[PDB]
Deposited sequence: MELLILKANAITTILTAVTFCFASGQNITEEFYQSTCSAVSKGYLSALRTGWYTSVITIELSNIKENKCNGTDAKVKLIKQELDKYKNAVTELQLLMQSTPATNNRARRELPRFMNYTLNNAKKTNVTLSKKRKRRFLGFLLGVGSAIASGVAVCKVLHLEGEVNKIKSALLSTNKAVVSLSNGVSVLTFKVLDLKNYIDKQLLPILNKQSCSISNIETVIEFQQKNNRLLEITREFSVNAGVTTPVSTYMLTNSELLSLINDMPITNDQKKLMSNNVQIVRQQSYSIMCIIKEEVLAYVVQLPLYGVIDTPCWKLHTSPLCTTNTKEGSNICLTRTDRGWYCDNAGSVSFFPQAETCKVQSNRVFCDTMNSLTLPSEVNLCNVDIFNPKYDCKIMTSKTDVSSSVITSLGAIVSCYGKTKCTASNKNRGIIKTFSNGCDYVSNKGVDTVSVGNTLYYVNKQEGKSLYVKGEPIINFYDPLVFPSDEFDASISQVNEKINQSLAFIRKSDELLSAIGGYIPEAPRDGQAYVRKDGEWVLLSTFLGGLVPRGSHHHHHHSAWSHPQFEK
């Protein structure tokens, strides 16, 4: 049940009714591919193709080890975020895989099975998985072949069993050994689902991760790890969703300006706290770059690494931007340029100057003509909005919007003492500089 409210006073709008799925942690699993260690050794069509396909395989392994000479690594209010190192946990697991006893502990565990939990040197209890077993395939098939007795049906199956290794080597070659999203060459869809189900989390988390496999992939890393003792290992680091099903809402803001006819005499004001907001642990997790969050249906997947933690009182700026409990961030300027923001259920139109702004329908064209100022229209009955030479399609998801009539707060400011060009400001910072210019006049 999605709903929306537009605040004419502050030229902003909130879509609510969403449910959270915030990545709060990481699970590191160790994916392995058992490798054949052969020295190369007549000519004809069918195993000259095999000699070709295997040189592809040895080259894949020698470029992987060449690739692993160094430890793996990777590269409005968004500037306020901290700075994490996404794969630090995965790199930590991969580091202990280099210790002597460690590589063969894993080799041992998956001799009898393909999925097993291993508790490693430093206490980490990871899930390991053997996804391809080239070594016995090669040993028990290719190795037997003095070099000429074979048939084309095996050339083809060798090409297919090997192709996955070739394509993994590939991804890592153009990614300096860290890929994201994680592909099914790293982890097939059934391999991932199975790893998810074997992951010791709640069954709620299992159902959620299983129902949005495409999202789990986009939020995972595949870290190229080690090649040692005929086992190829790379860590797949998967999201932990520690916050599930808390309320979420998306705040859209657009510039609110005066509309005087003498151009350049106008003052503008924009709320800068736009982004995604989700209740989380008694505070509000705020995501200023609303493009980092993936939305599926009414579920919002976000990464706390890209969040600020705010008092829940931040929600007060939507009904009363002048509330005494929280100082609402705004920016100011004199640049009154037209534009529109396409909300979940409608469109905010900031129309200024000589700009043409309309909203139209599929069959009839124009049904509303916005006059100067900041206005809003619901996506019921409206298919497109135009501001200047820019046509915007509105989202056609169903849900009810609500227009909250109020006086534009830009009117409360005297233009001759209004501080223009303020960015990371707030209602109270603007008032304090107004009182200082008013005293000195």
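In sequence order, the deposited-sequence ranges that have no modelled C-alpha atom: No C-alpha coordinates exist for 1-26, 68-70, 105-136, 207-210, 507-568.
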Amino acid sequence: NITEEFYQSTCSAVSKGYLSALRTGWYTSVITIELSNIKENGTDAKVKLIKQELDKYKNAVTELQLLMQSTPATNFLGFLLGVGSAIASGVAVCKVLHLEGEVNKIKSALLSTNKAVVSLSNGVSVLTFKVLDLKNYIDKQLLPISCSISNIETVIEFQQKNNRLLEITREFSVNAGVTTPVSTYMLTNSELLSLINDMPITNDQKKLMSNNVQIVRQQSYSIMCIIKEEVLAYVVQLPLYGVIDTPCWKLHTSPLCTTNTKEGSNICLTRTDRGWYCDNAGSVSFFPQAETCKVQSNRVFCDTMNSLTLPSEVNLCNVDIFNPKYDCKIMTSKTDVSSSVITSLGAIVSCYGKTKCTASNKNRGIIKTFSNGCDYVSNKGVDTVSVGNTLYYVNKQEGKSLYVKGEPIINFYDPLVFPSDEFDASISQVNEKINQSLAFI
From here on, numbers count along this sequence of modelled residues.
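Going by the mean C-alpha B-factor recorded in the entry, which is higher: 199-207 or 318-326? Taking the mean B-factor of the alpha carbons in each, 199-207 is higher.
Which has higher Cα B-factors on average according to the PDB entry: 129-137 or 214-222? Per the PDB entry, the higher value belongs to 129-137.
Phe158, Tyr234, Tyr241, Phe286, ranked by C-alpha B-factor: the highest one: Reading the PDB entry, the winner on C-alpha B-factor is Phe158.
Considering only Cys257, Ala88, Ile168, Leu99, which residue's Cα atom bears the greatest B-factor as recorded? Most elevated C-alpha B-factor of the set, per the entry: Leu99.
Lowest, middle or highest third: which one holds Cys302 when the chain's residues are ordered by CA B-factor from the entry? It falls in the middle third of the chain.
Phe172 CA temperature factor, ranked by third within the chain: Middle third - that is where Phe172 ends up once the chain's C-alpha B-factors are sorted.
Ordered by C-alpha B-factor within the chain, which third holds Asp55? Give me lowest, middle or highest, please. Highest third, going by the recorded CA B-factors of the chain.
Quick one: classify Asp375 as lowest, middle or highest third of the chain based on its Cα B-factor. Tercile = lowest for this residue's CA B-factor.
Can you work out whether the C-alpha temperature factor of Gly388 puts it in the lowest, middle or highest third of the chain? Lowest third, going by the recorded CA B-factors of the chain.
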